[PDB]
Amino acid sequence: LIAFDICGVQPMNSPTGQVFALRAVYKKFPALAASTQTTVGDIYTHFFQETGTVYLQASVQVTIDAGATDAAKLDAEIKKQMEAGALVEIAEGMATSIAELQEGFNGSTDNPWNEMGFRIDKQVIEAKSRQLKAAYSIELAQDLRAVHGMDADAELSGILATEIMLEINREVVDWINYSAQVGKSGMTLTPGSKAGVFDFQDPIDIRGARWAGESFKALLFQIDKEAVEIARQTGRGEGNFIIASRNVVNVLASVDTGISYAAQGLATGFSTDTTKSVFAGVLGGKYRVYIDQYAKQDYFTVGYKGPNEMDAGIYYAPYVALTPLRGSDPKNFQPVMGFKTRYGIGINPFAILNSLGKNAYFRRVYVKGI
Amino acid sequence: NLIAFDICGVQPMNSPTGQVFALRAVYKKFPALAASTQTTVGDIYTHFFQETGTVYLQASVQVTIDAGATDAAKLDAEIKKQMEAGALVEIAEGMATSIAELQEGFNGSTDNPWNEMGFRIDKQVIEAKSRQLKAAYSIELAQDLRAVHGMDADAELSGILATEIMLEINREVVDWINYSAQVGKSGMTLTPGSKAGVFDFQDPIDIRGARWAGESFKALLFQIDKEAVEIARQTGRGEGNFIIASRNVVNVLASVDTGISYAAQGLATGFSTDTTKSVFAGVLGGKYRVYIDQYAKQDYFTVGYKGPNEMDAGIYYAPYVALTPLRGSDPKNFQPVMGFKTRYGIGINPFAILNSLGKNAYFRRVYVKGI
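Here it is in structure tokens:
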């Protein structure tokens, strides 16, 4: 079992070797002053002695205290007008409004041809190798067969094949968790937050929640915030998948009823086939979530994946897989079995040191409080 | 119409990116001679002279070196006399080897001294780096070339341009060779009165005291052989097999050894029937296959090595695309264009373009003055 679902693949038929990615290309509101008669719909700039500026839109036509020659007095009158609803604040949202007006209003046909906002680019990839050995005793192999009719080395080989596939999935996750930007940061901070960590015991992070029930839902809400930031930065859309620790997955599986599948048929039949190398399911109808079997502490990462082979932000491009390796160790001539694979990986360039903490397709958050 | 890379490895691409291989090589207390030492024939002693450090001296004569010479100056004097007499002979690295083998051989053991083939053998990744040209021509000529000469116009321009792009890529290869080539007439290939990297025909040292051009030209060849040797030594693959050189240098080389180059006498007799000057001139001394750098910028030659294996060149070019056409016109004046694009990728034996500049052991470049 593999999990190369949340990466592009673009498989290789030669190392070195390349992948492609659809990389994106990447106004003086008049000052408000004493005596100013604001005009409804107009916007003024006002710097408060404490906290600095906001842009204030008039809803009410009003003269802002002509006697307010003292900035402290002017701030007081303005605050009164704000309280009265006469003056309303927005910051960048108004900067956008004025920019649009100025450019449209005084615009011209000229030749403002813009490129579509996409660079579209590629990287070179080596089909980096990975390999494991079985390293096993003769007596064991003799006994597995002699004692229960087992296939001995064949089974050890199957375990080993599973392990190498797991390591590759683990590698992909490690790179995601390397390159992902740290989430619950910047655009995704709650003002009272701890920047990068979601603490299920912290009243800000849990939005005033009570017990695990509501605290758990609050995490999913942070996940949506991460998905939004991803969408914005990549220019491609909301995060489509989540990679998370077992603690987190169990938390997320406590919500969205049966979405994270327990493989309940498995439990019912007493562990008939555990297949623990797959995605649990889709949270919110939005995020396919995968379990990081090797999570080191406790965390989750939200990421985006489009339909295009070139729209993942991370690529895995297999060249060689499960090539059997066999022989013996002459020191005692004990059996050797093993598997080799070669694939190569890559990322949206985002300019590995240009991906470290920079990969716009992903946002990583540390988890505390479960 | 020729690649002029018949002296290099190709390993052509089936996709850009794209790769090449190269057969990169992997890369004793002589007892001090002292006053009273009774030497024994064939034995080797270490001696530090007051002047110019040390020498290693082998006895040819079983002689005591002045037991009263407690003064290093006296010891040196006796030694010099014994050397003049032929009793003591100086060799340096040539001795280090004999002591090492005697000691190591005699005291060796079956153990596990399995030595490696002296080769690393490795690969490089190459993008199908592109180059391109346009005809940049006018319609009024196309109209009259047809009306006046009965010429196919664009067709000839296409042939010219195709020729130019091929010549330009061949030029690029030569530039990379020269870029990466080590400086010749340097280190192992210098004489005491030498100038480090340049052969000057007006310099008595470079021409080894030659009488007129005949001997001077041969002196250039002698420097070429020395370069071929240093290449052989450093690559571990053998003497340089070819030469790339400027028009002046080639004409000089072709002035000795009678028939190294083709004079293209058929061509000349027929009054330039088809010059095709994109081909190797011939073989210098029967040893080095030599090509003319028709674009040489200073005046020079480069000696280089190439084995039969494409992985044994020191430089690689993997043609992916060649002569892909361009066609259109520029509305600013509506004048037409025709053109070509190529894609290929190049490589250099790793030698660890950062590890290529002035480091490529397969090649040695020497500038030539005074021709």
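Protein chains in written order, with the deposited numbering: chain cm, 106 to 131, 161 to 485, 503 to 521; chain cd, 105 to 131, 161 to 485, 503 to 521. For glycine and all other residues, C-beta sits at the position ideal for the given N, C-alpha and C.
- DSSP links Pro458 of chain cm through a beta bridge to cm:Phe473.
- When the beta-carbon positions are compared, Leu278 of chain cm and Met471 of chain cm stay at least 8 Å from each other.
- Listed by position along chain cd, the residues whose Cβ is nearer than 8 Å to that of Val258 of chain cm are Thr121, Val258 and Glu260.
- Residue pairing of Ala378 of chain cd in beta bridges, as defined by DSSP: cd:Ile425 and cd:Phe434.
- Nearest in C-alpha terms to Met117 of chain cd, of all of cd:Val194, cd:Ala261 and cd:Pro325, is cd:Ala261.
- The C-beta of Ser119 of chain cd has fewer than 16 other C-beta atoms within 10 Å across all chains shown, which makes the residue exposed.
- In this structure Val194 of chain cm touches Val174 of chain cm by the C-beta definition: roughly 7 Å separates them, less than 8 Å.
- Looking only at cd:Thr203, cd:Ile357 and cd:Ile254, the smallest Cα-Cα distance to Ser319 of chain cd is reached by cd:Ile357.
- From the listed residues cd:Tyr517, cd:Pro469, cd:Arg476 and cd:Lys430, the smallest Cα separation to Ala286 of chain cd is found for cd:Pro469.
- Sorting cm:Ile340, cm:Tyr512 and cm:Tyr312 by C-alpha distance to the C-alpha of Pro325 of chain cm places cm:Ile340 at the top.
- Exposure of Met321 of chain cm is indicated by the presence of fewer than 16 other C-beta atoms within 10 angstroms of its C-beta.
- The three-state secondary structure of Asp336 of chain cd, taken from DSSP, is coil.
- Ranked by how close their Cα comes to the Cα of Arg514 of chain cd, the residues cd:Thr121, cd:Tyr449 and cd:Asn311 have cd:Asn311 in first place.
- For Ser349 of chain cm, DSSP assigns no beta-bridge partner whatsoever.
- Following the DSSP letters along the chain, one finds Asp255 of chain cd inside the beta strand (DSSP E) bounded by residues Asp255 to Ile259.
- Relative to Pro164 of chain cm, the option among cm:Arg128, cm:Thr187, cm:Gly113 and cm:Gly122 whose CA is nearest is cm:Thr187.
- Residue nearest to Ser231 of chain cd within the set cd:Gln265, cd:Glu289 and cd:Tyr189 is cd:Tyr189 (criterion: CA-CA distance).
- About 6 Å separates the beta carbon of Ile254 of chain cd from that of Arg128 of chain cd, a gap short enough to meet the 8 Å contact definition.
- Between the alpha carbons of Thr409 of chain cd and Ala288 of chain cd lies a gap of roughly 19 Å.
- Taking the C-beta atoms as reference points, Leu400 of chain cm is found nearer than 8 Å to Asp407 of chain cm.
- Taking 3 residues as the shortest admissible run, the region 262-344 of chain cd contains the following complete beta strand (DSSP E) segments, listed from N- to C-terminal end: 263-267, 314-316 and 331-333.
- The region 333-353 of chain cd makes no contact with the region 472-481 of chain cd; the number of CB pairs closer than 8 Å stays below 3.
- With respect to the 8 Å criterion, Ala378 of chain cm and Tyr433 of chain cm are classified as neighbours on the basis of their beta carbons.
- With contacts defined by Cβ atoms closer than 8 Å, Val412 of chain cm and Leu106 of chain cm form a contacting pair.
- Contact holds between the region 354-369 of chain cd and the region 436-454 of chain cd, because three or more Cβ pairs, one in each stretch, are under 8 Å apart.
- When the beta-carbon positions are compared, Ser313 of chain cd and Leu504 of chain cd stay at least 8 Å from each other.
- Annotation note: the region 378-408 of chain cd contains the following uninterrupted alpha helix (DSSP H) runs of length 4 or greater, listed N- to C-terminal: 380-386 and 398-402.
- Counting every other CB atom within 10 Å of its CB across the protein chains shown gives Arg422 of chain cd a total of 16 or more, marking it as buried.
- Here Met299 of chain cd has no same chain residue with a Cβ atom under 6 Å from its own Cβ, once five neighbours each way along the sequence are excluded.
- When the alpha-carbon of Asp209 of chain cm is set against those of cm:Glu184, cm:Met228, cm:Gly227 and cm:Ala192, the nearest one is in cm:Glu184.
- Here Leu354 of chain cd is not bridged, per DSSP, to any residue.
- Beta-bridge partners of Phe181 of chain cm (DSSP): cm:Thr187.
- Comparing alpha-carbon positions, the option among cd:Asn240, cd:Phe182, cd:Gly238 and cd:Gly447 lying closest to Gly371 of chain cd turns out to be cd:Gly447.
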